[PDB]
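> Dropping the structure in here first, questions after.
What is reported rests on the model, the rules as stated and the sources as named; none is laboratory data. A quick note on method: Cβ atoms are made from the backbone with ideal geometry, for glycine too, and the neighbour counts reach across all protein chains shown.
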Amino acid sequence: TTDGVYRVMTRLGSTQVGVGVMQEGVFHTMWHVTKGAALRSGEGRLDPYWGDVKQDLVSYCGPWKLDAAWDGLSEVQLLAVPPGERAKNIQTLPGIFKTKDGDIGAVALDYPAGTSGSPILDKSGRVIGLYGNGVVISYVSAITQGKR
Amino acid sequence: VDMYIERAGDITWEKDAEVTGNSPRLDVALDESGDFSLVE
């Protein structure tokens, strides 16, 4: 329940299927990581509360809380949590997904699939979106943010 | 199959961060299944 970035694990043997963000008592990750499954946290259970396949997002225990957005000019940091590796910050200037519905920041960074759900941060340390839904041109991830 | 979470860190900016990656500008479409695809 403590604020922070978390590995999402599954069990012959354990593997890391993704990453998520605890903030304000709500767990945020990408739909394709959990497919909405309930999550164990210690002796507790986290149940899904909101989700959307088109945004590829899911929240547990309450509504989506993350609302900061890329400012369109500044460098950002991916707080990548790869399987078997300590959480690490990768700084980058995002590119842009141009869509009919507006521009979305995108990061041209390619980490293992179990890194999906890792947060992208602005200079104030606020989560501007999650990593792991994108396109190949070399993989480029949207900076996927929900609505608060 | 049970899924569980393990804390891995604080959400914090790091001054001594490695810096890498390009900044491509791409035209894309987003379909109903959440899949992005390139557009020309």
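> Select from region A:64-89 the residues that are more than 9 Å from every other protein chain (Cβ to nearest Cβ), farther than 15 Å from residue A:28 by Cα and charged (D, E, K, R) and list them in ascending order.
Hits for region A:64-89 are A:71, A:85.
> A further question on this structure: Could you go through region A:113-127 and let me know if any residue there is more than 26 Å from residue A:44 (Cβ to Cβ), more than 9 Å from chain B (Cβ to nearest Cβ) and more than 11 Å from the chain's Cα centre (by Cα). Walk me through it before giving the result.
Looking only at region A:113-127, we keep the residues that are more than 26 Å from residue A:44 (Cβ to Cβ), and these are A:113, A:120-126.
Restricting the remaining residues to those that are more than 9 Å from chain B (Cβ to nearest Cβ) gives A:113, A:120.
Subset that is more than 11 Å from the chain's Cα centre (by Cα): A:113.
Yes: region A:113-127 contains one or more residues that are more than 26 Å from residue A:44 (Cβ to Cβ), more than 9 Å from chain B (Cβ to nearest Cβ) and more than 11 Å from the chain's Cα centre (by Cα).
> If you go through region A:83-96 one residue at a time, do you hit one that is acidic (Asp, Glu), within 23 Å of residue A:15 (Cβ to Cβ) and in contact with a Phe, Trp or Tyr (Cβ under 9 Å, 6 or more places away or on another chain)? Even if it seems obvious, please write down each step before you answer.
Looking only at region A:83-96, we keep the residues that are acidic (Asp, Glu), and these are A:85.
Next, from what is left, pick out any that are within 23 Å of residue A:15 (Cβ to Cβ): A:85.
Next cut, in contact with a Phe, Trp or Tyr (Cβ under 9 Å, 6 or more places away or on another chain) only: none.
The answer is no, given that none of the residues of region A:83-96 is acidic (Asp, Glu), within 23 Å of residue A:15 (Cβ to Cβ) and in contact with a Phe, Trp or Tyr (Cβ under 9 Å, 6 or more places away or on another chain).
> Could you check how many residues of region A:101-116 are buried (at least 22 other Cβ atoms within 10 Å of the Cβ), within 19 Å of residue A:91 (Cβ to Cβ) and among the small types (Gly, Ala, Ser)?
2
> Please return the ranges of strands (runs of 3 or more DSSP E) entirely within chain B where 1 or more residues are under 22 Å from residue A:96 (Cβ atoms).
B:25-30, B:36-38
> If residue A:61 satisfies all but one of (1) more than 10 Å from every other protein chain (Cβ to nearest Cβ); (2) at negative phi, what's the number of the condition it fails?
The single condition residue A:61 does not satisfy is (2).
> Test residue A:110 against the criterion of being out of contact with any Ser or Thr (no Cβ under 6 Å at 6 or more places or on another chain), part of a strand (DSSP E or B) and in the same structural domain as residue A:135 (by TED's automatic domain parsing), and give yes or no. If you could, list the steps in order and put the result at the bottom.
Details: out of contact with any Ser or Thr (no Cβ under 6 Å at 6 or more places or on another chain): yes; part of a strand (DSSP E or B): no; in the same structural domain as residue A:135 (by TED's automatic domain parsing): yes.
Here the answer is no, as residue A:110 does not meet what is asked.
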